Amino acid sequence: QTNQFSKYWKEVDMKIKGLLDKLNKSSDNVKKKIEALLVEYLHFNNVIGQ
């Protein structure tokens, strides 16, 4: 409704960067959880991007 897309797009991009930095630094059990969440957060980025 507002068309905030730029602000929310950049915001989510950081979220993904966050998740990836922590992905590298994290145990193999939560590694799977974090890669799993990225698959979904990436799609958020992709749609807001579209």
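Relevant structure appears above.
Residues numbered from 1 in each chain as written, not as in the entry; some residues may be left out. Part of a larger assembly, values for the part shown. Heavy atoms only, no water.

Draft legend 1. Region of the structure containing the environment of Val 47. Checked against the element boundaries, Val 47 lands in helix α2 (residues 28-49). The spatial distance from the C-alpha of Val 47 to the C-alpha of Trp 9 is 9.3 Å, given a sequence separation of 38 residues. (Helix = DSSP H or I, 4+ residues; strand = E, 2+ residues; numbered from the N terminus.)

Draft legend 2. How the structure looks around α2. Given a rise of 1.5 Å per residue, 22 residues ought to cover 32 Å, and the 31 Å separating the end C-alpha atoms of α2 matches this to within 8%. All of the buried residues in α2 are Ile 34, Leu 38, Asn 45 and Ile 48. Lining the buried residues of α2 we find α1 (5-24). (Expected span 1.5 Å × (residues − 1). Buried < 20%, exposed > 50% of the residue type's maximum accessible area, 1.4 Å probe, protein only. Contact = heavy atoms within 4.5 Å.)

Draft legend 3. Geometry of the packing of α1 against α2. One can describe the packing of α1 onto α2 by two numbers: an axis separation of 10 Å at closest approach and a directional angle of 165°. Between α1 and α2, the crossing angle belongs to the class labelled roughly antiparallel. Both α1 and α2 take part in a crossing whose hand is left-handed. Contacts between α1 and α2 pair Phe 5, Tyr 8, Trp 9, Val 12, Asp 13, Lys 15, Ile 16, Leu 19, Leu 20, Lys 22 and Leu 23 from the former with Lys 31, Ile 34, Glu 35, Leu 38, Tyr 41, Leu 42, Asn 45, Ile 48 and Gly 49 from the latter. In the contact of α1 with α2, the residues fall into 13 nonpolar, 2 polar and 5 charged. (Axes fitted to C-alpha atoms, helices over the stretch in contact; angles between N-to-C directions. Parallel < 35°, antiparallel > 145°, perpendicular 65-115°, else oblique. Left-handed = near helix turned anticlockwise from the far one by under 90°. Nonpolar A, V, L, I, M, F, W, Y, C, P; charged D, E, K, R; others polar.)

Draft legend 4. Representation of the environment of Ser 6 within the structure. As for its placement among the helices and strands, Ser 6 is situated in helix α1. Note: C-alpha distance between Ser 6 and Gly 49 (43 residues apart in sequence) is 8.5 Å.

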